[PDB]
Amino acid sequence: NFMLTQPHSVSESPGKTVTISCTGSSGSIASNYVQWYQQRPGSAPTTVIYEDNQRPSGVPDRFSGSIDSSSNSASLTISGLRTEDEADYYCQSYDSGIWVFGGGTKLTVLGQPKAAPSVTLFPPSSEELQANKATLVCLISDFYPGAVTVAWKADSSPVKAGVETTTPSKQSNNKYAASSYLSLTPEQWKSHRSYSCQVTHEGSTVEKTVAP
Amino acid sequence: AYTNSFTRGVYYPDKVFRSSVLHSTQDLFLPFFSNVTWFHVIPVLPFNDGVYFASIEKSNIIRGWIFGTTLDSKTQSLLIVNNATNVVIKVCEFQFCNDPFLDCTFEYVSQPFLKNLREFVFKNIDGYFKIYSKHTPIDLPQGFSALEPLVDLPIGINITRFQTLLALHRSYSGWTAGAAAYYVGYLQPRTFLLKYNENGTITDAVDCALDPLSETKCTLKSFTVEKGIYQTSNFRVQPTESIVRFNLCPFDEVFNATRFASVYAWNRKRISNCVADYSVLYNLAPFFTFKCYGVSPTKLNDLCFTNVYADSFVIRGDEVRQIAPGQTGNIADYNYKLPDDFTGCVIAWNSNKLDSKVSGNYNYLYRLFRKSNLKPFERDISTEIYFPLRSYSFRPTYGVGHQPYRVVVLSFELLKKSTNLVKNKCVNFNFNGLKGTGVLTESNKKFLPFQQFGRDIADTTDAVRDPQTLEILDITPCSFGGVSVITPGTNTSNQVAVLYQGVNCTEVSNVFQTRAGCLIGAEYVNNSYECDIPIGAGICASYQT
Amino acid sequence: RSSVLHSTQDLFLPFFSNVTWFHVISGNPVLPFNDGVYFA
Amino acid sequence: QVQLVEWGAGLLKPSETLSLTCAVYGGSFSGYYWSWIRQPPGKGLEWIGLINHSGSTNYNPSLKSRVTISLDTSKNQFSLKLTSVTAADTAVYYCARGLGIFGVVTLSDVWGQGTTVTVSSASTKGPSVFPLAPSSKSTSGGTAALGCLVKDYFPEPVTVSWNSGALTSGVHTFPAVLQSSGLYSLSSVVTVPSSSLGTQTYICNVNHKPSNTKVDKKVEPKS
């Protein structure tokens, strides 16, 4: 029942030290190795971590990891940050002989000033209501780095029925954009009156609500 | 960007004086053609091995420096401010601001050092802080100063970085003050050749290894070198990588043996002097748990382990957790004691698939009750009885704690070498020792089955047999040889043609290959001319002009 | 070693010596084991 | 230093087997666990298997039924086989070394480059843009979000402007959205002030050079 959790968004200016962890869920994380990864755009992670603290030849001496038994959590740390290391970091652990991966961490090196998220909420078109169809799209644009998580709420209760998150990527002017495709039914639109689109950029959450 | 420094960083080597003396010396120099960062635009300098700090400005823009790693309470630092009245040095780990501007126990005041050149040197050598000062009025020119010593403090604090200080007439962005220029040169241990004129001052400096011309000048200890062939040093090929190598290793019966012994009759076998056969099927290697200290895969290249010690005992499943360092209870005391600095690897695995019997297996016993703990490495052959002893119940219908478990502990006592091999390249070869350097190619040598290695004249071995796949390699000590510097004389020019002795550069300006070796820096002409500088193996030189 | 003449000191059987030839089926005390014994 | 490279057929189709080849440069296979590492783009990895000099191998149970690795000392190469490729098989693949105990492959201590192996078996289709009409109400912020989405088309990229590019202030061109059907889901949303809204004409233009398919649709606030 091993589960691997890593922080969604970690940001760091160039030259400073940044660390990314993979928290153990079931059992004592000390017995099982947790290996920290890196995924460039269009690339795949490789294996560079064993005994959690050594750096080999052919790989820079700055990529360092650690596993601490006190908080039952892992850690991968970067000391000499460079803009080339823009890579999505994932953690993989052993589950009683089963190779089980994690959700991963998206790491981005700051190249632009931070941008607060912009969220707008509108109801779907009234022409399609005759076909008993209602899909919801929540806008997330003008935010840098591009890492948000969309949390839906149903009368002060989270819901993740048909969430279709999108990957932020640079626009014409280098900034990111994201959306979340929500699917519900027109019948519950009459039973529900308060829905919010909580988006988590860095540590800030901004939401909007509409009512019938 | 960056810029090269032509002739900056010259000073009296020994801080002593000589009259009319040419002399070559090594010390903490600024090597020729070293890097300095021009700071001309419409700043923290790390103190690596000494900083040569130069400033060009009409007026006194620079106020001083703030040295120190962090300049906090817990980190030792230093402040120097050079005022028009006096210079103040405070080595007391004082706290300094990030953006310099002006309006503990230590303290120090001394005389001030002074479109204007000001040079200074901070040196952190042998637990001593050396300060040199110089002031003169004014592509980089060849500006020269025999930088006489000024100060040498005996105190050592962590000095790594410093930054210039600027103070304006008035401020809180601000007034359009001038953009001062300063160059920083990191000091390096280097050797030069100097000439001191009859009045006794440094006037001419030559890097010992700037050019083959510079090297022949440093060889002759002079500055005028006639036309001829001179021998300076030797080209030695770097030996690339170091390749280490090690009739069957009986690793199979250590863990996968059908039958094991009890705890009292623990089995210990040393395994070495055989090809390491680790591929034999044991459990399909489902290794989900591993962490070992003391031994690491990296060191197997440069570490050869002496002995392989295996220790075996028999326990049950729900008690393997209690067998670890820092564990208490009757289980570890009466079964097996784990040392604090255990050097080895822990292997634990399921053995229900092999140790399952329809009628039950009574061949696994363990001591649960005793008067006292067994001594380390104790040998007992007594059969005195304290049913007194209980045997494990191995049923498919019992809990997970009743599963049979084979547990063995491997230890490495340092009172076997590492793999890897390359061929056809000048490398450092080691085979359980036999540390040699050279090229290992296909060998014209054919040996007899016990003939482990062969020798040539002058006790230089010829061949090596492969401990792994049993093949024979030919060894030649690495391809290297001296260098001769054809120089037609500083009177005429400064064009050097360097010959490597007895080296084929086809296998490591225009480069020619002659019987004597590899002549680079010479445009090999085929024409007939009288010989002036014989280069070697029947070839001579001339000046093209 | 390959194609090279050597000279080595060690415990050798010196040349042209008489070794004791004994048939054990006819006619045992202690046989002395000196520094080096060449048995056949 | 040892350099590891990968090359092979990058365009796959369902129901055949993945083949990829790796060659070693300046290295030996003694005491190394050479392995392959897989990750679908955007998502997490799925480790393939392992192999050492003698050929002892271990596979992920999800791939053991479909994966096969081979080593060739004669050709100094080792290849990968992966049978019954699916939509989940679309991923980049690398070869890499290893250092561990009997098959612990965690220091393939050289970064792999690899190829792009994708499953592509479909047909070109026609776009059908649909109106993402706004609510046309006075929101808390006096800005109206207008957009248009493109469906049933292949492949990326698709370039969308507004008023032939004349509208540029609020335009927000998005990347493609990875669905499960196998097509690229593009949408462009423009932010316009509420004061200038109601009668002004806004058109988003769909453009694709390869298939010469352009769609120009006008989206109205409300009806």
# chains A, B, ... in the order shown; residues from 1 in each chain; ligands from 1
$ interface_residues --of "chain C" --to "chain B" --cutoff "8 Å" --atoms "only C-alpha atoms" --output "number ranges by chain"
C: 1-2, 4
$ interface_residues --of "chain D" --to "chain A" --cutoff "8 Å" --atoms "only C-alpha atoms" --output "NGL selection string"
:D and (1 or 37-42 or 44-47 or 60-61 or 92-93 or 105-113 or 132-135 or 145 or 172-175 or 177-178)
$ atom_distance --atom1 "atom CA of residue 352 of chain B" --atom2 "atom CA of residue 95 of chain A"
19.9 Å
$ residues_around --residues "segment 3-10 of chain A" --least-positions-apart "5" --cutoff "7 Å" --atoms "only C-alpha atoms" --output "PyMOL selection string"
chain A and resi 21-26+101-107+147+202
$ residues_around --residues "residue 176 of chain D" --least-positions-apart "5" --cutoff "6 Å" --atoms "only C-alpha atoms" --output "count of residues only"
3
$ interface_residues --of "chain A" --to "chain B" --cutoff "6 Å" --atoms "only C-alpha atoms" --output "list in words"
residues 31, 32, 94 and 97 of chain A
$ interface_residues --of "chain D" --to "chain B" --cutoff "12 Å" --atoms "only C-alpha atoms" --output "ChimeraX atom specification"
/D:1-2,25-33,50-61,98-107,109
$ write_last_selection --atoms "N, CA and C atoms" --output "compact mmCIF listing (two decimals), in the first residue's frame"
# COMPACT_ATOMS: atom_id res chain seq x y z
N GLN D 1 35.21 7.90 -19.45
CA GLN D 1 33.81 8.25 -19.68
C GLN D 1 33.20 7.36 -20.76
N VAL D 2 31.94 6.98 -20.56
CA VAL D 2 31.21 6.11 -21.48
C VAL D 2 29.97 6.85 -21.95
N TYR D 25 29.95 2.94 -26.27
CA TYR D 25 31.15 3.61 -26.74
C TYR D 25 32.16 3.68 -25.60
N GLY D 26 33.34 3.11 -25.82
CA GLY D 26 34.42 3.22 -24.85
C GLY D 26 34.14 2.62 -23.49
N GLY D 27 33.39 1.51 -23.43
CA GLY D 27 33.05 0.91 -22.16
C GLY D 27 33.16 -0.60 -22.21
N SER D 28 33.02 -1.20 -21.04
CA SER D 28 33.00 -2.65 -20.86
C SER D 28 31.69 -3.03 -20.18
N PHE D 29 31.27 -4.28 -20.40
CA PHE D 29 30.06 -4.79 -19.76
C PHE D 29 30.33 -5.54 -18.47
N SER D 30 31.57 -5.56 -17.99
CA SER D 30 31.89 -6.25 -16.75
C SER D 30 31.31 -5.50 -15.56
N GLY D 31 30.58 -6.22 -14.71
CA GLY D 31 30.09 -5.66 -13.46
C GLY D 31 29.15 -4.48 -13.61
N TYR D 32 28.31 -4.49 -14.64
CA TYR D 32 27.32 -3.44 -14.82
C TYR D 32 25.96 -4.07 -15.13
N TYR D 33 24.91 -3.43 -14.64
CA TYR D 33 23.53 -3.85 -14.89
C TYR D 33 22.91 -2.87 -15.88
N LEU D 50 16.17 -4.84 -16.66
CA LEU D 50 17.60 -4.77 -16.37
C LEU D 50 18.31 -5.96 -17.01
N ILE D 51 19.63 -5.82 -17.20
CA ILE D 51 20.47 -6.92 -17.65
C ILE D 51 21.92 -6.63 -17.27
N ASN D 52 22.64 -7.68 -16.90
CA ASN D 52 24.05 -7.62 -16.55
C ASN D 52 24.87 -8.39 -17.59
N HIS D 53 26.16 -8.54 -17.31
CA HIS D 53 27.07 -9.17 -18.27
C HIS D 53 26.65 -10.60 -18.58
N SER D 54 26.35 -11.39 -17.55
CA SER D 54 25.95 -12.77 -17.79
C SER D 54 24.54 -12.88 -18.34
N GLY D 55 23.76 -11.80 -18.30
CA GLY D 55 22.44 -11.78 -18.87
C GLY D 55 21.30 -11.93 -17.88
N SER D 56 21.60 -12.08 -16.59
CA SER D 56 20.53 -12.17 -15.60
C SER D 56 19.70 -10.90 -15.62
N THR D 57 18.38 -11.06 -15.71
CA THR D 57 17.48 -9.95 -15.96
C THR D 57 16.30 -10.00 -15.01
N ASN D 58 15.74 -8.82 -14.75
CA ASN D 58 14.54 -8.67 -13.95
C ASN D 58 13.65 -7.63 -14.63
N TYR D 59 12.34 -7.87 -14.63
CA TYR D 59 11.40 -7.01 -15.31
C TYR D 59 10.32 -6.53 -14.35
N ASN D 60 9.74 -5.39 -14.70
CA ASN D 60 8.53 -4.93 -14.02
C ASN D 60 7.39 -5.88 -14.34
N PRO D 61 6.59 -6.29 -13.35
CA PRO D 61 5.49 -7.23 -13.64
C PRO D 61 4.50 -6.70 -14.67
N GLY D 98 24.39 0.48 -15.27
CA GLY D 98 23.92 0.34 -13.90
C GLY D 98 24.99 -0.13 -12.94
N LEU D 99 24.84 0.24 -11.67
CA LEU D 99 25.76 -0.20 -10.62
C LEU D 99 24.96 -0.49 -9.36
N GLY D 100 24.93 -1.75 -8.95
CA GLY D 100 24.17 -2.17 -7.79
C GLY D 100 24.49 -3.58 -7.36
N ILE D 101 23.52 -4.27 -6.77
CA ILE D 101 23.73 -5.63 -6.25
C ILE D 101 22.76 -6.55 -6.99
N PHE D 102 23.30 -7.33 -7.92
CA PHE D 102 22.58 -8.42 -8.59
C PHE D 102 21.39 -7.89 -9.38
N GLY D 103 21.44 -6.62 -9.75
CA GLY D 103 20.32 -6.02 -10.46
C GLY D 103 19.67 -4.85 -9.76
N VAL D 104 20.45 -4.05 -9.05
CA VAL D 104 19.99 -2.77 -8.52
C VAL D 104 20.51 -1.71 -9.47
N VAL D 105 19.64 -1.21 -10.34
CA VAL D 105 20.05 -0.28 -11.38
C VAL D 105 19.61 1.12 -11.00
N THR D 106 20.49 1.85 -10.31
CA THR D 106 20.15 3.16 -9.78
C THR D 106 21.25 4.19 -10.01
N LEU D 107 22.40 3.79 -10.54
CA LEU D 107 23.47 4.69 -10.97
C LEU D 107 23.86 4.47 -12.42
N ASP D 109 25.03 6.17 -14.46
CA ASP D 109 25.63 7.46 -14.18
C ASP D 109 26.11 8.15 -15.45
$ residues_around --residues "residue 98 of chain B" --least-positions-apart "3" --cutoff "12 Å" --atoms "only C-alpha atoms" --output "compact mmCIF listing (two decimals) with N, CA, C and O atoms, in the first residue's frame"
# COMPACT_ATOMS: atom_id res chain seq x y z
N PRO B 43 29.10 42.45 -8.20
CA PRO B 43 30.50 42.87 -8.10
C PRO B 43 31.33 42.14 -7.04
O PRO B 43 32.46 42.55 -6.80
N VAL B 44 30.80 41.10 -6.41
CA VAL B 44 31.52 40.43 -5.33
C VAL B 44 32.65 39.59 -5.92
O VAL B 44 32.45 38.82 -6.87
N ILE B 66 35.15 45.09 2.34
CA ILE B 66 34.60 44.31 3.45
C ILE B 66 34.84 42.84 3.17
O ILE B 66 34.10 42.22 2.39
N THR B 70 30.77 35.63 5.75
CA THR B 70 29.39 36.05 5.99
C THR B 70 29.27 37.37 6.74
O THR B 70 28.19 37.97 6.69
N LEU B 71 30.32 37.84 7.41
CA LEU B 71 30.29 39.10 8.15
C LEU B 71 29.15 39.14 9.16
O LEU B 71 28.40 40.11 9.26
N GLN B 95 29.20 43.11 11.41
CA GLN B 95 28.11 42.95 10.46
C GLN B 95 28.14 44.06 9.42
O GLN B 95 28.27 45.24 9.77
N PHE B 101 27.47 51.88 1.51
CA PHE B 101 27.30 53.33 1.58
C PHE B 101 27.77 53.80 2.95
O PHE B 101 27.55 53.13 3.96
N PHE B 162 34.78 39.91 -0.91
CA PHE B 162 34.79 41.31 -0.52
C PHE B 162 34.18 42.13 -1.64
O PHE B 162 34.03 41.66 -2.77
N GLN B 163 33.82 43.37 -1.31
CA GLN B 163 33.17 44.25 -2.27
C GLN B 163 33.62 45.68 -2.01
O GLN B 163 33.89 46.06 -0.86
N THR B 164 33.70 46.47 -3.08
CA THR B 164 34.08 47.87 -2.96
C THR B 164 32.99 48.67 -2.26
O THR B 164 31.83 48.26 -2.18
N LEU B 165 33.38 49.83 -1.73
CA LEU B 165 32.49 50.70 -0.99
C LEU B 165 32.39 52.05 -1.68
O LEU B 165 33.41 52.62 -2.10
N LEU B 166 31.17 52.57 -1.80
CA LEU B 166 30.91 53.86 -2.41
C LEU B 166 30.08 54.71 -1.46
O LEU B 166 29.04 54.26 -0.96
$ residues_around --residues "segment 438-441 of chain B" --least-positions-apart "3" --cutoff "9 Å" --atoms "only C-alpha atoms" --output "number ranges by chain"
B: 239, 422-429, 463-464, 473-479
$ residues_around --residues "segment 13-29 of chain C" --least-positions-apart "5" --cutoff "10 Å" --atoms "only C-alpha atoms" --output "NGL selection string"
:C and (36-40)
$ write_last_selection --atoms "C-alpha atoms" --output "PDB file, in the first residue's frame"
ATOM      1  CA  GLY C  36      64.685 -29.183   0.998  1.00  0.00           C
ATOM      2  CA  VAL C  37      63.716 -32.779   0.203  1.00  0.00           C
ATOM      3  CA  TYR C  38      63.419 -34.029  -3.378  1.00  0.00           C
ATOM      4  CA  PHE C  39      61.387 -37.220  -3.058  1.00  0.00           C
ATOM      5  CA  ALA C  40      60.447 -39.663  -5.788  1.00  0.00           C
TER       6      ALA C  40
END
$ closest_residue --among "A:69, A:1, A:132, A:11" --to "residue 144 of chain A" --atoms "only C-alpha atoms"
A:11
$ select_by_dssp --residues "segment 67-157 of chain D" --states "strand (DSSP E or B)" --output "MDAnalysis selection string"
chainID D and resid 67:72 77:82 91:96 117:119 130:132 143:150
$ atom_distance --atom1 "atom CA of residue 36 of chain D" --atom2 "atom CA of residue 67 of chain A"
25.2 Å
